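Source file: work-v6.cif. Holds: mmCIF, C-alpha atoms.
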```cif
data_upload
loop_
_atom_site.label_atom_id
_atom_site.label_comp_id
_atom_site.auth_asym_id
_atom_site.auth_seq_id
_atom_site.Cartn_x
_atom_site.Cartn_y
_atom_site.Cartn_z
CA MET A 1 115.77 183.07 56.98
CA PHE A 2 112.34 181.54 57.35
CA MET A 3 109.60 182.59 59.70
CA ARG A 4 106.06 181.45 60.56
CA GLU A 5 103.38 183.01 62.81
CA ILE A 6 101.51 180.85 65.31
CA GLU A 7 98.80 181.67 67.81
CA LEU A 8 98.24 180.44 71.34
CA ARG A 9 94.66 180.64 72.43
CA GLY A 10 93.36 179.90 75.89
CA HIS A 11 94.51 180.45 79.44
CA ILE A 12 97.64 182.44 78.61
CA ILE A 13 97.75 184.51 81.78
CA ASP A 14 98.60 182.50 84.89
CA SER A 15 100.33 179.63 83.06
CA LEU A 16 103.89 178.88 82.05
CA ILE A 17 102.82 178.26 78.44
CA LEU A 18 104.60 181.37 77.20
CA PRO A 19 107.81 181.10 79.14
CA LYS A 20 107.98 177.43 78.11
CA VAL A 21 107.30 178.32 74.49
CA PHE A 22 109.90 181.09 74.59
CA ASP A 23 112.49 178.76 76.13
CA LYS A 24 111.82 176.10 73.52
CA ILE A 25 112.14 178.46 70.59
CA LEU A 26 115.42 179.89 71.93
CA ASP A 27 116.70 176.49 73.10
CA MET A 28 116.66 175.30 69.45
CA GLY A 29 118.39 178.31 67.91
CA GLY A 30 115.32 180.29 66.90
CA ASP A 31 113.93 183.64 67.96
CA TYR A 32 110.45 185.06 68.46
CA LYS A 33 108.54 188.32 68.42
CA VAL A 34 105.14 188.65 70.05
CA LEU A 35 103.15 190.43 67.35
CA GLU A 36 99.75 190.46 69.05
CA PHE A 37 98.55 189.85 72.58
CA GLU A 38 94.93 190.23 73.64
CA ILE A 39 93.96 189.53 77.25
CA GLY A 40 90.73 187.68 77.98
CA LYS A 41 88.08 190.46 77.84
CA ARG A 42 86.79 189.69 81.35
CA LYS A 43 88.73 187.55 83.83
CA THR A 44 86.76 184.69 82.20
CA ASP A 45 87.50 184.51 78.46
CA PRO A 46 90.39 183.20 76.35
CA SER A 47 93.31 185.50 75.85
CA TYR A 48 95.53 184.88 72.86
CA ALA A 49 99.00 185.63 71.62
CA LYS A 50 100.26 185.74 68.07
CA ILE A 51 103.94 184.76 68.08
CA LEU A 52 106.24 185.16 65.14
CA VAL A 53 108.88 182.39 65.09
CA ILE A 54 112.12 183.10 63.20
CA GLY A 55 114.68 180.59 61.93
CA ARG A 56 117.52 179.92 59.50
CA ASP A 57 115.26 177.97 57.15
CA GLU A 58 111.91 176.24 56.79
CA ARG A 59 113.02 172.81 58.03
CA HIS A 60 114.69 174.45 61.01
CA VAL A 61 111.62 176.56 61.90
CA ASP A 62 109.22 173.65 61.42
CA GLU A 63 111.24 171.46 63.73
CA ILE A 64 110.60 174.17 66.30
CA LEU A 65 106.93 174.39 65.34
CA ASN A 66 106.41 170.69 65.95
CA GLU A 67 108.00 170.94 69.37
CA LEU A 68 105.72 173.89 70.06
CA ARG A 69 102.78 171.65 69.21
CA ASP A 70 104.06 169.08 71.73
CA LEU A 71 104.14 171.73 74.45
CA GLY A 72 100.63 172.84 73.55
CA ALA A 73 99.50 169.32 74.44
CA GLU A 74 100.97 168.90 77.93
CA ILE A 75 100.08 172.37 79.29
CA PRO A 76 96.31 172.31 79.94
CA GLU A 77 93.66 174.55 78.35
CA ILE A 78 95.78 176.08 75.61
CA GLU A 79 94.84 175.73 71.92
CA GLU A 80 97.23 176.34 69.09
CA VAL A 81 95.89 177.95 65.93
CA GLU A 82 97.54 177.89 62.50
CA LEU A 83 97.41 181.21 60.68
CA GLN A 84 99.16 180.35 57.46
CA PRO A 85 99.02 177.70 54.79
CA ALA A 86 99.06 174.29 56.51
CA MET B 1 82.45 209.81 85.25
CA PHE B 2 86.19 209.91 85.80
CA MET B 3 89.19 208.16 84.17
CA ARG B 4 92.83 207.77 84.99
CA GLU B 5 95.38 205.56 83.29
CA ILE B 6 97.73 203.28 85.20
CA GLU B 7 100.59 201.02 84.23
CA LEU B 8 101.76 197.73 85.67
CA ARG B 9 105.36 196.82 85.13
CA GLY B 10 107.34 193.63 85.62
CA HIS B 11 106.10 190.06 85.52
CA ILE B 12 102.56 190.51 84.35
CA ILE B 13 102.32 186.97 82.93
CA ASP B 14 102.49 183.93 85.24
CA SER B 15 101.17 186.29 87.87
CA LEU B 16 97.64 186.54 89.18
CA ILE B 17 98.23 190.30 89.25
CA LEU B 18 95.93 191.09 86.33
CA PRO B 19 92.87 189.16 87.50
CA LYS B 20 93.46 190.69 90.89
CA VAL B 21 93.62 194.26 89.60
CA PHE B 22 90.51 193.63 87.49
CA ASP B 23 88.68 192.03 90.37
CA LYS B 24 89.42 194.89 92.69
CA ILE B 25 88.29 197.56 90.24
CA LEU B 26 85.05 195.59 89.54
CA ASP B 27 84.40 194.89 93.25
CA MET B 28 84.64 198.65 93.91
CA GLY B 29 82.21 199.55 91.15
CA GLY B 30 84.60 200.64 88.44
CA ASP B 31 85.36 199.30 85.00
CA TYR B 32 88.69 198.93 83.25
CA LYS B 33 89.99 198.58 79.75
CA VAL B 34 93.41 197.29 78.85
CA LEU B 35 94.93 199.83 76.45
CA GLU B 36 98.38 198.50 75.74
CA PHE B 37 100.43 195.42 76.47
CA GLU B 38 104.14 195.13 75.73
CA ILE B 39 106.31 192.01 76.27
CA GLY B 40 110.06 192.17 76.96
CA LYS B 41 112.66 190.70 74.60
CA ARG B 42 113.46 187.84 76.99
CA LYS B 43 111.26 186.51 79.81
CA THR B 44 113.84 187.91 82.20
CA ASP B 45 112.96 191.39 81.04
CA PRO B 46 109.85 193.24 82.22
CA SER B 47 106.56 193.51 80.40
CA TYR B 48 104.13 196.34 80.87
CA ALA B 49 100.40 196.87 80.71
CA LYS B 50 98.47 200.12 80.46
CA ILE B 51 94.99 199.94 81.92
CA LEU B 52 92.36 202.65 81.99
CA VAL B 53 90.33 202.74 85.22
CA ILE B 54 86.85 204.17 85.16
CA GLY B 55 84.67 205.18 88.09
CA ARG B 56 81.66 207.34 88.81
CA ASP B 57 83.79 210.31 89.83
CA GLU B 58 87.33 211.37 90.64
CA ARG B 59 87.00 210.97 94.40
CA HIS B 60 85.99 207.35 93.97
CA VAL B 61 88.42 206.48 91.17
CA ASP B 62 91.14 207.87 93.44
CA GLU B 63 90.03 205.38 96.04
CA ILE B 64 90.44 202.61 93.51
CA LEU B 65 93.79 203.81 92.31
CA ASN B 66 95.03 203.86 95.92
CA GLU B 67 93.98 200.26 96.49
CA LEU B 68 95.74 199.38 93.22
CA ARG B 69 98.75 201.32 94.42
CA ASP B 70 98.91 199.20 97.60
CA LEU B 71 98.59 195.99 95.60
CA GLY B 72 101.69 196.87 93.61
CA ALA B 73 103.58 197.76 96.74
CA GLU B 74 102.85 194.34 98.23
CA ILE B 75 103.68 192.20 95.18
CA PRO B 76 107.50 192.31 94.73
CA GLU B 77 107.63 191.18 91.12
CA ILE B 78 105.68 194.21 89.97
CA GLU B 79 105.40 197.95 90.35
CA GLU B 80 102.27 199.98 89.66
CA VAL B 81 102.26 203.70 88.65
CA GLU B 82 99.81 206.32 87.46
CA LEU B 83 99.96 208.07 84.12
CA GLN B 84 99.15 211.75 83.61
CA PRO B 85 96.92 212.25 80.56
CA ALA B 86 97.95 214.70 77.87
CA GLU B 87 94.49 216.07 78.54
CA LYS B 88 93.28 218.11 81.42
CA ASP B 89 89.63 217.11 81.51
CA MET B 90 89.31 213.38 82.23
CA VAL B 91 85.61 213.46 83.01
CA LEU B 92 82.73 212.10 80.92
CA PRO B 93 79.03 212.87 81.45
CA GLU B 94 76.15 210.33 81.70
CA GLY B 95 74.89 208.94 78.41
CA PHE B 96 76.89 206.82 75.94
CA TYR B 97 75.07 203.88 77.65
#
```

Please render this file's structure as structure tokens.
Amino acid sequence: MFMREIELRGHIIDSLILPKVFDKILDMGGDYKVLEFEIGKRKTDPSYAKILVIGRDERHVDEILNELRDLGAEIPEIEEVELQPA
Amino acid sequence: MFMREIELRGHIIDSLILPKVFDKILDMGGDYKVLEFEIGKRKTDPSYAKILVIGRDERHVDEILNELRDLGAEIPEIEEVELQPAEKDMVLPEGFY
């Protein structure tokens, strides 16, 4: 099984970024674990979430990744950060 | 300086609940610090947040907690509760900036 960790930075709180991300991951046969979650220090700053995505194999997982990038685009004010060797 | 710990439970994310809790505490002259945050296994499960509430004294913090208690009673997706500390004395004196 292959897994990669991604991070969502930005307006995580009142958006559907996370549910949408979670639905996508599961929709394609993957699973996730939220490894870190830090809320925006004041009700002003960017929260972030480190999500661990888990798959059968690297091509599988990456196919999910790429779709997760596409979601990042549409939903406004959320940045995706790569943690590992891209 | 007094502190009590509270916990929100339910649909923390995709709510405005958090910014509302924070706003209310700040409006009333307290400060808060988010201590823990746990997400459920599927978005249909409940998450929870532990938040420490800090005011000038117990009387006043109790005022805040009661406002926060009424907030949770209004919003249906979430319940609010207080946590008893494993420590008796929850007061801090002035200093520590």

Exercise answer, chain A residues close to chain B, 7 Å and all atoms listed in the file, as a ChimeraX atom specification: /A:13-16,19,43

Nearest to residue 52 of chain B, chosen from B:95, B:72, B:85, B:29, with all atoms listed in the file counted in the distances: B:85

Residues in the PyMOL selection byres ((chain B and resi 60-65) around 12), expressed as an NGL selection string: :B and (1-7 or 21-32 or 51-59 or 66-72 or 80-83 or 90-91)

Residue with smallest distance to residue 49 of chain B - pool A:5, A:67, A:31, A:38, counting all atoms listed in the file: A:38

Pairwise distance for atom CA of residue 66 of chain A and atom CA of residue 49 of chain A, rounded to one decimal in Å: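 That distance, rounded to one decimal, is 17.6 Å.
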
Written as an mmCIF file with C-alpha atoms, in the coordinates of the input, which residues does the PyMOL selection byres ((chain A and resi 23-27) around 9) give for the file shown?
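The resulting result.cif:
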```cif
data_model
loop_
_atom_site.group_PDB
_atom_site.id
_atom_site.type_symbol
_atom_site.label_atom_id
_atom_site.label_comp_id
_atom_site.auth_asym_id
_atom_site.auth_seq_id
_atom_site.Cartn_x
_atom_site.Cartn_y
_atom_site.Cartn_z
ATOM 1 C CA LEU A 18 104.600 181.370 77.200
ATOM 2 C CA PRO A 19 107.810 181.100 79.140
ATOM 3 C CA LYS A 20 107.980 177.430 78.110
ATOM 4 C CA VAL A 21 107.300 178.320 74.490
ATOM 5 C CA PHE A 22 109.900 181.090 74.590
ATOM 6 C CA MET A 28 116.660 175.300 69.450
ATOM 7 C CA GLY A 29 118.390 178.310 67.910
ATOM 8 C CA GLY A 30 115.320 180.290 66.900
ATOM 9 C CA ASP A 31 113.930 183.640 67.960
ATOM 10 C CA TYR A 32 110.450 185.060 68.460
ATOM 11 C CA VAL A 53 108.880 182.390 65.090
ATOM 12 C CA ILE A 54 112.120 183.100 63.200
ATOM 13 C CA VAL A 61 111.620 176.560 61.900
ATOM 14 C CA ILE A 64 110.600 174.170 66.300
ATOM 15 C CA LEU A 65 106.930 174.390 65.340
ATOM 16 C CA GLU A 67 108.000 170.940 69.370
ATOM 17 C CA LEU A 68 105.720 173.890 70.060
ATOM 18 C CA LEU A 71 104.140 171.730 74.450
ATOM 19 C CA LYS B 43 111.260 186.510 79.810
#
```

Matched chain/residue IDs from the PyMOL selection byres ((chain A and resi 56) around 7), as a PyMOL selection string: chain A and resi 1-2+55+57+60

Interatomic distance, atom CA of residue 83 of chain A to atom CA of residue 17 of chain A (Å, one decimal): 18.8 Å

Atom CA of residue 45 of chain B to atom CA of residue 9 of chain B, straight-line distance in Å: 10.2 Å

Closest of A:50, A:73, A:4, A:82 to residue 36 of chain A - atom-to-atom distances counting only C-alpha atoms: A:50

Fill-in result for segment 9-30 of chain B, N, CA, C and O atoms as a JSON list (two decimals), keeping the file's coordinate frame:
```
[["chain", "number", "residue", "atom", "x", "y", "z"],
["B", 9, "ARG", "N", 104.06, 197.08, 85.72],
["B", 9, "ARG", "CA", 105.36, 196.82, 85.13],
["B", 9, "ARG", "C", 106.00, 195.63, 85.84],
["B", 9, "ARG", "O", 105.86, 195.46, 87.05],
["B", 10, "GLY", "N", 106.65, 194.77, 85.06],
["B", 10, "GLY", "CA", 107.34, 193.63, 85.62],
["B", 10, "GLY", "C", 106.93, 192.30, 85.03],
["B", 10, "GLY", "O", 107.03, 192.07, 83.83],
["B", 11, "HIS", "N", 106.49, 191.40, 85.91],
["B", 11, "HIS", "CA", 106.10, 190.06, 85.52],
["B", 11, "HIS", "C", 104.62, 189.86, 85.46],
["B", 11, "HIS", "O", 104.05, 189.10, 86.22],
["B", 12, "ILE", "N", 104.00, 190.55, 84.51],
["B", 12, "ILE", "CA", 102.56, 190.51, 84.35],
["B", 12, "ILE", "C", 102.03, 189.09, 84.14],
["B", 12, "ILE", "O", 101.03, 188.71, 84.73],
["B", 13, "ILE", "N", 102.72, 188.33, 83.29],
["B", 13, "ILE", "CA", 102.32, 186.97, 82.93],
["B", 13, "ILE", "C", 102.96, 185.92, 83.84],
["B", 13, "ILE", "O", 104.16, 185.97, 84.13],
["B", 14, "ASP", "N", 102.14, 184.96, 84.25],
["B", 14, "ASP", "CA", 102.49, 183.93, 85.24],
["B", 14, "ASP", "C", 102.26, 184.51, 86.64],
["B", 14, "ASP", "O", 102.61, 183.91, 87.65],
["B", 15, "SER", "N", 101.65, 185.68, 86.66],
["B", 15, "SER", "CA", 101.17, 186.29, 87.87],
["B", 15, "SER", "C", 99.66, 186.09, 87.93],
["B", 15, "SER", "O", 99.03, 185.71, 86.94],
["B", 16, "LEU", "N", 99.07, 186.36, 89.09],
["B", 16, "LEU", "CA", 97.64, 186.54, 89.18],
["B", 16, "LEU", "C", 97.33, 188.02, 89.25],
["B", 16, "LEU", "O", 96.18, 188.40, 89.45],
["B", 17, "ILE", "N", 98.36, 188.85, 89.09],
["B", 17, "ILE", "CA", 98.23, 190.30, 89.25],
["B", 17, "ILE", "C", 97.07, 190.89, 88.45],
["B", 17, "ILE", "O", 96.30, 191.69, 88.97],
["B", 18, "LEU", "N", 96.96, 190.51, 87.19],
["B", 18, "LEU", "CA", 95.93, 191.09, 86.33],
["B", 18, "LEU", "C", 94.52, 190.79, 86.81],
["B", 18, "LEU", "O", 93.71, 191.69, 86.92],
["B", 19, "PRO", "N", 94.22, 189.51, 87.06],
["B", 19, "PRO", "CA", 92.87, 189.16, 87.50],
["B", 19, "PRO", "C", 92.58, 189.78, 88.84],
["B", 19, "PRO", "O", 91.42, 189.99, 89.19],
["B", 20, "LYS", "N", 93.62, 190.05, 89.60],
["B", 20, "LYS", "CA", 93.46, 190.69, 90.89],
["B", 20, "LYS", "C", 93.14, 192.17, 90.70],
["B", 20, "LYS", "O", 92.15, 192.66, 91.25],
["B", 21, "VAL", "N", 93.94, 192.88, 89.92],
["B", 21, "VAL", "CA", 93.62, 194.26, 89.60],
["B", 21, "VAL", "C", 92.19, 194.40, 89.08],
["B", 21, "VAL", "O", 91.42, 195.21, 89.60],
["B", 22, "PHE", "N", 91.84, 193.61, 88.08],
["B", 22, "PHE", "CA", 90.51, 193.63, 87.49],
["B", 22, "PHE", "C", 89.42, 193.40, 88.53],
["B", 22, "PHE", "O", 88.40, 194.09, 88.57],
["B", 23, "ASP", "N", 89.64, 192.39, 89.35],
["B", 23, "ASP", "CA", 88.68, 192.03, 90.37],
["B", 23, "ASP", "C", 88.44, 193.16, 91.33],
["B", 23, "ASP", "O", 87.31, 193.42, 91.71],
["B", 24, "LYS", "N", 89.51, 193.83, 91.71],
["B", 24, "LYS", "CA", 89.42, 194.89, 92.69],
["B", 24, "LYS", "C", 88.65, 196.08, 92.14],
["B", 24, "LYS", "O", 87.68, 196.52, 92.74],
["B", 25, "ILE", "N", 89.07, 196.57, 90.98],
["B", 25, "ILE", "CA", 88.29, 197.56, 90.24],
["B", 25, "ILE", "C", 86.78, 197.19, 90.16],
["B", 25, "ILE", "O", 85.93, 197.97, 90.60],
["B", 26, "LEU", "N", 86.46, 196.02, 89.62],
["B", 26, "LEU", "CA", 85.05, 195.59, 89.54],
["B", 26, "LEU", "C", 84.35, 195.55, 90.91],
["B", 26, "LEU", "O", 83.32, 196.21, 91.08],
["B", 27, "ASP", "N", 84.90, 194.81, 91.87],
["B", 27, "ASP", "CA", 84.40, 194.89, 93.25],
["B", 27, "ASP", "C", 84.03, 196.32, 93.70],
["B", 27, "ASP", "O", 83.00, 196.54, 94.32],
["B", 28, "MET", "N", 84.88, 197.30, 93.41],
["B", 28, "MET", "CA", 84.64, 198.65, 93.91],
["B", 28, "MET", "C", 83.70, 199.47, 93.03],
["B", 28, "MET", "O", 83.45, 200.63, 93.32],
["B", 29, "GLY", "N", 83.19, 198.87, 91.96],
["B", 29, "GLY", "CA", 82.21, 199.55, 91.15],
["B", 29, "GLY", "C", 82.76, 200.30, 89.95],
["B", 29, "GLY", "O", 82.05, 201.06, 89.31],
["B", 30, "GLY", "N", 84.04, 200.08, 89.65],
["B", 30, "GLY", "CA", 84.60, 200.64, 88.44],
["B", 30, "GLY", "C", 84.63, 199.67, 87.28],
["B", 30, "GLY", "O", 84.24, 198.51, 87.38]]
```
